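Below is coords14.pdb, which holds PDB, N, CA and C atoms.
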```pdb
ATOM      1  N   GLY M   1       0.859  -1.226   0.000  1.00  0.00           N
ATOM      2  CA  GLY M   1       0.000   0.000   0.000  1.00  0.00           C
ATOM      3  C   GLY M   1       0.879   1.256   0.000  1.00  0.00           C
ATOM      4  N   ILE M   2       0.232   2.406  -0.057  1.00  0.00           N
ATOM      5  CA  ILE M   2       0.937   3.731  -0.068  1.00  0.00           C
ATOM      6  C   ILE M   2       2.295   3.733   0.628  1.00  0.00           C
ATOM      7  N   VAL M   3       2.391   3.303   1.861  1.00  0.00           N
ATOM      8  CA  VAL M   3       3.746   3.323   2.507  1.00  0.00           C
ATOM      9  C   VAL M   3       4.415   1.954   2.522  1.00  0.00           C
ATOM     10  N   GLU M   4       3.667   0.982   2.967  1.00  0.00           N
ATOM     11  CA  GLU M   4       4.127  -0.446   3.059  1.00  0.00           C
ATOM     12  C   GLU M   4       5.235  -0.818   2.067  1.00  0.00           C
ATOM     13  N   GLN M   5       4.981  -0.526   0.818  1.00  0.00           N
ATOM     14  CA  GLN M   5       5.957  -0.826  -0.277  1.00  0.00           C
ATOM     15  C   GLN M   5       7.328  -0.198  -0.074  1.00  0.00           C
ATOM     16  N   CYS M   6       7.334   1.097   0.116  1.00  0.00           N
ATOM     17  CA  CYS M   6       8.627   1.809   0.318  1.00  0.00           C
ATOM     18  C   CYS M   6       9.156   1.549   1.737  1.00  0.00           C
ATOM     19  N   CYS M   7       8.608   0.559   2.404  1.00  0.00           N
ATOM     20  CA  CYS M   7       9.061   0.232   3.801  1.00  0.00           C
ATOM     21  C   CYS M   7       9.595  -1.193   3.982  1.00  0.00           C
ATOM     22  N   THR M   8       8.791  -2.140   3.580  1.00  0.00           N
ATOM     23  CA  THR M   8       9.160  -3.579   3.693  1.00  0.00           C
ATOM     24  C   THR M   8      10.077  -3.945   2.520  1.00  0.00           C
ATOM     25  N   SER M   9       9.872  -3.266   1.425  1.00  0.00           N
ATOM     26  CA  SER M   9      10.676  -3.481   0.186  1.00  0.00           C
ATOM     27  C   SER M   9      11.218  -2.089  -0.150  1.00  0.00           C
ATOM     28  N   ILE M  10      11.644  -1.925  -1.372  1.00  0.00           N
ATOM     29  CA  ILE M  10      12.190  -0.615  -1.832  1.00  0.00           C
ATOM     30  C   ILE M  10      11.218  -0.145  -2.910  1.00  0.00           C
ATOM     31  N   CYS M  11      11.198   1.138  -3.162  1.00  0.00           N
ATOM     32  CA  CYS M  11      10.271   1.653  -4.211  1.00  0.00           C
ATOM     33  C   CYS M  11      11.021   2.631  -5.111  1.00  0.00           C
ATOM     34  N   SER M  12      10.348   3.090  -6.133  1.00  0.00           N
ATOM     35  CA  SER M  12      10.981   4.047  -7.086  1.00  0.00           C
ATOM     36  C   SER M  12      10.265   5.386  -7.141  1.00  0.00           C
ATOM     37  N   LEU M  13      10.980   6.300  -7.730  1.00  0.00           N
ATOM     38  CA  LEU M  13      10.520   7.705  -7.931  1.00  0.00           C
ATOM     39  C   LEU M  13       9.008   7.765  -8.264  1.00  0.00           C
ATOM     40  N   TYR M  14       8.573   6.919  -9.172  1.00  0.00           N
ATOM     41  CA  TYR M  14       7.120   6.915  -9.556  1.00  0.00           C
ATOM     42  C   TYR M  14       6.279   6.260  -8.453  1.00  0.00           C
ATOM     43  N   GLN M  15       6.703   5.127  -7.939  1.00  0.00           N
ATOM     44  CA  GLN M  15       5.914   4.453  -6.847  1.00  0.00           C
ATOM     45  C   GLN M  15       5.488   5.494  -5.794  1.00  0.00           C
ATOM     46  N   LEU M  16       6.379   6.434  -5.614  1.00  0.00           N
ATOM     47  CA  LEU M  16       6.174   7.554  -4.654  1.00  0.00           C
ATOM     48  C   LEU M  16       5.098   8.424  -5.327  1.00  0.00           C
ATOM     49  N   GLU M  17       5.465   9.067  -6.418  1.00  0.00           N
ATOM     50  CA  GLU M  17       4.554   9.964  -7.219  1.00  0.00           C
ATOM     51  C   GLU M  17       3.062   9.627  -7.085  1.00  0.00           C
ATOM     52  N   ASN M  18       2.700   8.378  -7.283  1.00  0.00           N
ATOM     53  CA  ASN M  18       1.254   7.955  -7.167  1.00  0.00           C
ATOM     54  C   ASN M  18       0.472   8.703  -6.078  1.00  0.00           C
ATOM     55  N   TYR M  19       1.134   8.900  -4.965  1.00  0.00           N
ATOM     56  CA  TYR M  19       0.531   9.613  -3.800  1.00  0.00           C
ATOM     57  C   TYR M  19      -0.009  10.959  -4.327  1.00  0.00           C
ATOM     58  N   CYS M  20       0.903  11.673  -4.951  1.00  0.00           N
ATOM     59  CA  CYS M  20       0.665  13.022  -5.568  1.00  0.00           C
ATOM     60  C   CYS M  20      -0.767  13.240  -6.026  1.00  0.00           C
ATOM     61  N   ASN M  21      -1.143  12.386  -6.940  1.00  0.00           N
ATOM     62  CA  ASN M  21      -2.515  12.421  -7.530  1.00  0.00           C
ATOM     63  C   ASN M  21      -3.349  11.312  -6.881  1.00  0.00           C
TER      64      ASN M  21
ATOM     65  N   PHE Q   1      19.312   4.331  -8.597  1.00  0.00           N
ATOM     66  CA  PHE Q   1      19.882   5.469  -7.831  1.00  0.00           C
ATOM     67  C   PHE Q   1      19.050   5.862  -6.600  1.00  0.00           C
ATOM     68  N   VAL Q   2      17.743   5.898  -6.725  1.00  0.00           N
ATOM     69  CA  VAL Q   2      16.884   6.274  -5.551  1.00  0.00           C
ATOM     70  C   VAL Q   2      16.016   5.077  -5.146  1.00  0.00           C
ATOM     71  N   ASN Q   3      16.765   4.058  -4.832  1.00  0.00           N
ATOM     72  CA  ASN Q   3      16.202   2.743  -4.394  1.00  0.00           C
ATOM     73  C   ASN Q   3      16.680   2.443  -2.953  1.00  0.00           C
ATOM     74  N   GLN Q   4      16.018   3.051  -2.001  1.00  0.00           N
ATOM     75  CA  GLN Q   4      16.346   2.876  -0.552  1.00  0.00           C
ATOM     76  C   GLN Q   4      15.034   2.604   0.219  1.00  0.00           C
ATOM     77  N   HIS Q   5      15.138   2.396   1.505  1.00  0.00           N
ATOM     78  CA  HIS Q   5      13.925   2.124   2.343  1.00  0.00           C
ATOM     79  C   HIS Q   5      13.630   3.433   3.107  1.00  0.00           C
ATOM     80  N   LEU Q   6      12.380   3.821   3.040  1.00  0.00           N
ATOM     81  CA  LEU Q   6      11.825   5.059   3.680  1.00  0.00           C
ATOM     82  C   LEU Q   6      10.684   4.667   4.640  1.00  0.00           C
ATOM     83  N   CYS Q   7      11.001   4.111   5.784  1.00  0.00           N
ATOM     84  CA  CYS Q   7       9.905   3.726   6.741  1.00  0.00           C
ATOM     85  C   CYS Q   7      10.072   4.545   8.024  1.00  0.00           C
ATOM     86  N   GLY Q   8       9.062   4.526   8.858  1.00  0.00           N
ATOM     87  CA  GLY Q   8       9.119   5.291  10.136  1.00  0.00           C
ATOM     88  C   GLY Q   8       8.572   6.689   9.898  1.00  0.00           C
ATOM     89  N   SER Q   9       9.410   7.499   9.304  1.00  0.00           N
ATOM     90  CA  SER Q   9       9.054   8.922   8.986  1.00  0.00           C
ATOM     91  C   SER Q   9       9.300   9.338   7.531  1.00  0.00           C
ATOM     92  N   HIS Q  10      10.368   8.820   6.983  1.00  0.00           N
ATOM     93  CA  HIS Q  10      10.770   9.122   5.579  1.00  0.00           C
ATOM     94  C   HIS Q  10       9.647   9.344   4.543  1.00  0.00           C
ATOM     95  N   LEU Q  11       8.625   8.525   4.521  1.00  0.00           N
ATOM     96  CA  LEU Q  11       7.512   8.713   3.522  1.00  0.00           C
ATOM     97  C   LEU Q  11       6.643   9.925   3.822  1.00  0.00           C
ATOM     98  N   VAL Q  12       6.074   9.954   5.005  1.00  0.00           N
ATOM     99  CA  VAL Q  12       5.194  11.099   5.431  1.00  0.00           C
ATOM    100  C   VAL Q  12       5.813  12.428   4.977  1.00  0.00           C
ATOM    101  N   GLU Q  13       7.117  12.448   5.080  1.00  0.00           N
ATOM    102  CA  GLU Q  13       7.967  13.618   4.701  1.00  0.00           C
ATOM    103  C   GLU Q  13       8.167  13.672   3.170  1.00  0.00           C
ATOM    104  N   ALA Q  14       8.599  12.576   2.588  1.00  0.00           N
ATOM    105  CA  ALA Q  14       8.824  12.475   1.103  1.00  0.00           C
ATOM    106  C   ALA Q  14       7.701  13.207   0.377  1.00  0.00           C
ATOM    107  N   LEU Q  15       6.504  12.924   0.815  1.00  0.00           N
ATOM    108  CA  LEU Q  15       5.277  13.549   0.237  1.00  0.00           C
ATOM    109  C   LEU Q  15       5.513  15.069   0.151  1.00  0.00           C
ATOM    110  N   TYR Q  16       5.813  15.681   1.276  1.00  0.00           N
ATOM    111  CA  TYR Q  16       6.084  17.160   1.337  1.00  0.00           C
ATOM    112  C   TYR Q  16       7.101  17.544   0.249  1.00  0.00           C
ATOM    113  N   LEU Q  17       8.164  16.779   0.215  1.00  0.00           N
ATOM    114  CA  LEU Q  17       9.270  16.993  -0.771  1.00  0.00           C
ATOM    115  C   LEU Q  17       8.787  16.866  -2.240  1.00  0.00           C
ATOM    116  N   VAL Q  18       7.882  15.946  -2.495  1.00  0.00           N
ATOM    117  CA  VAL Q  18       7.348  15.743  -3.885  1.00  0.00           C
ATOM    118  C   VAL Q  18       5.931  16.353  -4.050  1.00  0.00           C
ATOM    119  N   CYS Q  19       4.892  15.693  -3.590  1.00  0.00           N
ATOM    120  CA  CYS Q  19       3.504  16.263  -3.736  1.00  0.00           C
ATOM    121  C   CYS Q  19       2.627  16.144  -2.469  1.00  0.00           C
ATOM    122  N   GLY Q  20       2.957  16.917  -1.460  1.00  0.00           N
ATOM    123  CA  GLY Q  20       2.206  16.937  -0.153  1.00  0.00           C
ATOM    124  C   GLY Q  20       0.784  16.342  -0.191  1.00  0.00           C
ATOM    125  N   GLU Q  21       0.624  15.156   0.343  1.00  0.00           N
ATOM    126  CA  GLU Q  21      -0.720  14.496   0.353  1.00  0.00           C
ATOM    127  C   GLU Q  21      -1.098  14.242   1.830  1.00  0.00           C
ATOM    128  N   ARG Q  22      -0.761  15.191   2.680  1.00  0.00           N
ATOM    129  CA  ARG Q  22      -1.060  15.075   4.151  1.00  0.00           C
ATOM    130  C   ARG Q  22      -2.069  16.128   4.592  1.00  0.00           C
ATOM    131  N   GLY Q  23      -3.056  16.258   3.762  1.00  0.00           N
ATOM    132  CA  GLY Q  23      -4.148  17.243   4.020  1.00  0.00           C
ATOM    133  C   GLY Q  23      -5.380  16.466   4.461  1.00  0.00           C
ATOM    134  N   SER Q  24      -6.246  16.227   3.517  1.00  0.00           N
ATOM    135  CA  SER Q  24      -7.505  15.470   3.784  1.00  0.00           C
ATOM    136  C   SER Q  24      -7.406  14.184   2.933  1.00  0.00           C
ATOM    137  N   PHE Q  25      -6.175  13.781   2.695  1.00  0.00           N
ATOM    138  CA  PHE Q  25      -5.869  12.554   1.885  1.00  0.00           C
ATOM    139  C   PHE Q  25      -5.218  11.428   2.721  1.00  0.00           C
ATOM    140  N   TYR Q  26      -3.910  11.375   2.656  1.00  0.00           N
ATOM    141  CA  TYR Q  26      -3.105  10.364   3.377  1.00  0.00           C
ATOM    142  C   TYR Q  26      -2.282  11.149   4.397  1.00  0.00           C
ATOM    143  N   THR Q  27      -2.976  11.411   5.471  1.00  0.00           N
ATOM    144  CA  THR Q  27      -2.416  12.173   6.630  1.00  0.00           C
ATOM    145  C   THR Q  27      -2.413  11.291   7.918  1.00  0.00           C
ATOM    146  N   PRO Q  28      -1.751  10.149   7.883  1.00  0.00           N
ATOM    147  CA  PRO Q  28      -1.867   9.114   8.942  1.00  0.00           C
ATOM    148  C   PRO Q  28      -0.858   9.344  10.089  1.00  0.00           C
ATOM    149  N   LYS Q  29      -1.001   8.514  11.091  1.00  0.00           N
ATOM    150  CA  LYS Q  29      -0.124   8.549  12.305  1.00  0.00           C
ATOM    151  C   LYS Q  29       0.355   7.099  12.525  1.00  0.00           C
ATOM    152  N   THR Q  30       1.245   6.915  13.474  1.00  0.00           N
ATOM    153  CA  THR Q  30       1.769   5.544  13.769  1.00  0.00           C
ATOM    154  C   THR Q  30       1.709   5.296  15.279  1.00  0.00           C
TER     155      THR Q  30
END
```

For this file, write the structure as structure tokens.
Amino acid sequence: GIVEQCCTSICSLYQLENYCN
Amino acid sequence: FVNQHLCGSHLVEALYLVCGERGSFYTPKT
């Protein structure tokens, strides 16, 4: 989910962006 | 290049740095 991904695993510039919109 | 782990606080903040979604959207606590 929104944070989970960039926490338990690693995420990318876009994975982050999604939040934006 | 920007493949690191952002847990605890890093994300809540990242948002501010990119597209602040801590208004009436994803404004959570832990």

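Using only C-alpha atoms, every residue with an atom at most 8 Å from the point (-1.7, 4.5, -1.5) is listed here: residues 1, 2, 3, 18 and 19 of chain M; 26 of chain Q.
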
So what do you get for atom C of residue Q:24 versus atom N of residue Q:3, distance-wise?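 A separation of 27.3 Å between them.
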
Applied to the shown file, which residues does the ChimeraX specification (/M :<5) & /Q return, written as a count of residues only? 5

As lines of an AutoDock Vina configuration file, please report the centre and edge lengths, rounded to one decimal in Å, of the axis-aligned box that holds all listed atoms of stretch 4-10 of chain Q with 5 Å of padding on each of the six sides.
```
center_x = 12.5
center_y = 5.7
center_z = 4.1
size_x = 17.8
size_y = 17.2
size_z = 22.1
```

Atomic separation - atom C of residue Q:13 relative to atom N of residue Q:1, Å: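 Here the two named atoms are 18.7 Å from each other.
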
Could you state the separation of atom C of residue Q:29 and atom CA of residue Q:12 in Å, given to one decimal place?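 Computing it gives 9.5 Å between the two atoms.
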